[PDB]
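Just one chain is shown here, as structure tokens, and it is the form solved without the DNA.
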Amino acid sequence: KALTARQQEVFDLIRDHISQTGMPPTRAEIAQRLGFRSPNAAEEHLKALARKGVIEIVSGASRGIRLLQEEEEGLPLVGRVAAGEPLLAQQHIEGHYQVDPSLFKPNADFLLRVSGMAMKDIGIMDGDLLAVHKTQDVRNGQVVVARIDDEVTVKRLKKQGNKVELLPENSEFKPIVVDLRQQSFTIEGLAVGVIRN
């Protein structure tokens, strides 16, 4: 749009932080992670971002930052994911494609590149672009995008008490059993379609 290289870094940090915690970072957190001389330096960049209209500064109150112009055209394509980083971290986005989100039901929020042949039998191949609807409200038998201790995977869900079995659709593969008592597990979304190009 019109951001300098450094403003872009501050802006990316803000979005990543919101995507991972649900709230903006403080001026101190920004200064620390980006190696700025002080909180005053971070404030200046925030002022310029507010000026460019990408955020709104709610004076007073800690973490008083709001993102604007969220409504965007197309769909971002998520490539590889890194450990300790939200699925939709800016570093993971390899582009935005002009595809009607409403072609899918529920509507697609993002595209994710599939790795491996685990879901071959239902037509999802290595390298396919999976259309995903962001939600945690899912049910047994649905194909979901889940994260197991930082590893992301696409499998059919089968809840089993304190465990979760992630079923593949390929005879060469076996189920992945997740013990909720000792592993981090989160649902990133619901698969709603596929684009192979």
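All residue numbers are counted from 1 along the displayed sequence.
Keep in mind that the form deposited with the DNA bound is not shown, yet the notes after this line are about it.
- Contact with the DNA in the entry with it bound, judged by any heavy atom within 4.5 Å, is made by just one of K52, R147, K134, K159: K52.
- Checking 164-172, 139-147, 62-70, 125-133 against the DNA in the entry with it bound, the stretch whose residues place heavy atoms within 4.5 Å of it is 62-70.
- Against the DNA in the entry with it bound, the set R15, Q20 and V81 makes no contact: no member has a heavy atom within 4.5 Å.
- Using a 4.5 Å cutoff between non-hydrogen atoms, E44 counts as a contact of the DNA in the entry with it bound.
- Within 4.5 Å of any heavy atom of the DNA in the entry with it bound lies no heavy atom of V152.
- Using a 4.5 Å cut-off on any heavy atom, the residues of 34-48 that reach the DNA in the entry with it bound are, in sequence order, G35, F36, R37, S38, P39, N40, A41, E43, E44, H45, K47, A48.
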